[PDB]
């Protein structure tokens, strides 16, 4: 069964952390990995390495060619830059936006459709969280001006309160839906004691990507109600699914492949969310 599913490359970090694309080289193990991921049936990647204008020590144009030639789309990337104490205090985030301009140019050239902040710290005050919301709106606008969408990926910590407000809820309510979506990591929502579906119903259309992760292999633990999540996918607004596997019951590549196979065999997972 062919379905659109991205792989978060963090899932294969054990291979990718050791590949040597420095000093003009292209590591055959890097290319082989990409080709194997396509052969498993992944349709696209989400990067988890962006540093010094490069993805896994490849220029954006190289990364594009590498991924596309393996039969994969360049879908998304996890990267962000936090605000300085200064920026937070002044609310002036010019400095940080300059970095984003370079980040965004690089992502565009790699053929990315999305850029997603993986993490932010729980701030001390709602005022700080507010500044972050404004910064994300502006990053998101710049992404759109360069053909891409910006989103925010959660763990569990966002379900805590800042002053007396749940951080996640506040972030959703104070970001412009045109410019910021939420890449809901459903596993982490459940770990954070919350209901993916209730979030979908309360903020329909904001969850344009899912991170589909589990305790180990996807769909194995009993810890994530994928069936209910997918049944409510229309309300969520999801357009792409990103599989992530960071902890394993078996060899990594095999783990990543059986994880996919869960989604391909699941009758409630449609073959595309972007038709």
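Numbering follows the first chain given and starts at 1.
*Asks:* Looking at the entry, does 180-188 or 121-129 show the higher mean C-alpha B-factor?
*Replies:* Per the PDB record, 121-129.
*Asks:* Once you work out the mean C-alpha B-factor for both 208-216 and 246-254 from the entry, which is higher?
*Replies:* For C-alpha atoms only, the mean B-factor is higher in 246-254.
*Asks:* Going by the CA temperature factor in the entry, name the top one among 109, 103, 166, 75.
*Replies:* Answer, based on the entry's C-alpha B-factors: 166.
*Asks:* Sorting by Cα B-factor within the chain, modelled residues only, which third would residue 99 end up in: lowest, middle or highest?
*Replies:* Tercile = middle for this residue's CA B-factor.
*Asks:* When the modelled residues of the chain are sorted by Cα temperature factor, does residue 43 land in the lowest, middle or highest third?
*Replies:* For residue 43, the deposited C-alpha B-factor lands in the middle third.
*Asks:* Classify residue 157 as lowest, middle or highest third according to the C-alpha B-factor given in the PDB entry, relative to its own chain.
*Replies:* Its C-alpha B-factor belongs to the highest third of this chain's values.
*Asks:* Considering every modelled residue of the chain and its Cα B-factor in the PDB entry, is residue 67 in the lowest, middle or highest third?
*Replies:* Lowest third of the chain for residue 67's C-alpha B-factor.
*Asks:* Name the third of the chain's ranked CA B-factors that contains residue 51, choosing lowest, middle or highest.
*Replies:* Tercile = highest for this residue's CA B-factor.
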